[PDB]
Structure formats: C-alpha cells, structure tokens
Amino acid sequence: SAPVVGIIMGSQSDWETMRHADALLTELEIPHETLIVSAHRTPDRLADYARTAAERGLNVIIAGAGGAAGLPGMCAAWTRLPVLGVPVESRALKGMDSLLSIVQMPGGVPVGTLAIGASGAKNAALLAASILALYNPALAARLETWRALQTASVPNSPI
C-alpha cells in the first residue's frame, strides 16, 4: 500500500514522458507515488522530498527532467537511496542536453541514467522493478513473467 518507488518530474510537460514509468510500475503492481518536484523552481520542495524519502519508506526514486536537468542529480545529493534518471526530450537539442546534464554526474553522487524519452521512462521503472525484485520474491516472479512475455511476444517476421 505504502509507496516504495517515487516518480518525480520537473514539470507537467514531463508527464507525457514520465507516464510510461507510472504505467509500468502499476502493471507490475509496485506501490508508488507520482509527483512534480522542480529542482529549479521548487528547490526546498526537492530538498524535503529527497532527504525524507528513505524515512518515508521509499526504496528507489525515478527522476525525469529536460534541458539543464538538475533534478536527478540534486535528488541524489540529498538521499542515500538509488536514484534513476530519465532524460526528457527537449525541443531544440532533442534531449542531448537532458542526457549530458543527468549522466555526467561527478564521482561520489550517482544517478543511474536511462535512454532519452519514453523508452527511458519505461526502463527506469523496469530497472526499479529489478532492484525491488532482489528482496521481494512475489515481485521477482512477476518481473520474470514480464521479461518472458516480452521475449516470447517478439514477432518472427515483419508485417
């Protein structure tokens, strides 16, 4: 019932991308919360969210943002929990700025980065699932089924 994964994003504009992470966690029945937390516009909200995440029972945080995406990095700065970052595609630079702003974290504060866009949001949720599966047998079985179905469902020839 209590969320074990927190999905946060810099703004409503990131939802089109982050909704894919939400859908995947729901699919695997992983309790989670989905919120908007801006490192740049609501820094104190982020500070509070990140430093109290562990105490609240969260195990993994999935953070998405575009452009000079400082959200994932700053979230990781305040929590000891694993932080996964999703580079949201930006209008001009197609997420290259988002990607470098998230993945190039200096040594000492990590952010596990996924692909730019929807695929990355989906994979952040799957990566979070694989993490939780390490100590949740039931979920591990559901993840195995998910991966197995993915593999078995790939067509043999194009239509």
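Start at 1 with the first residue shown and count on from there.
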* Could you settle it for me: does 122-130 or 89-97 have the higher average Cα B factor in the PDB entry? => 89-97
* Out of 55-63 and 108-116, which one has CA B-factors that are higher on average in the deposited record? -> 55-63
* Split the chain's modelled residues into thirds by Cα B-factor; is residue 13 in the lowest, middle or highest one? -> highest
* To do: Could you say whether, by C-alpha temperature factor, residue 47 belongs to the lowest, middle or highest third of its chain?
  => middle
* For residue 24, the third of its chain into which the C-alpha B factor falls -> middle
* To do: Could you look up the Cα B-factor of residue 5 in the entry and say which third of the chain it sits in: lowest, middle or highest?
  => middle
* To do: Select lowest, middle or highest to describe the third in which the CA B-factor of residue 150 falls within its chain in this entry.
  => middle
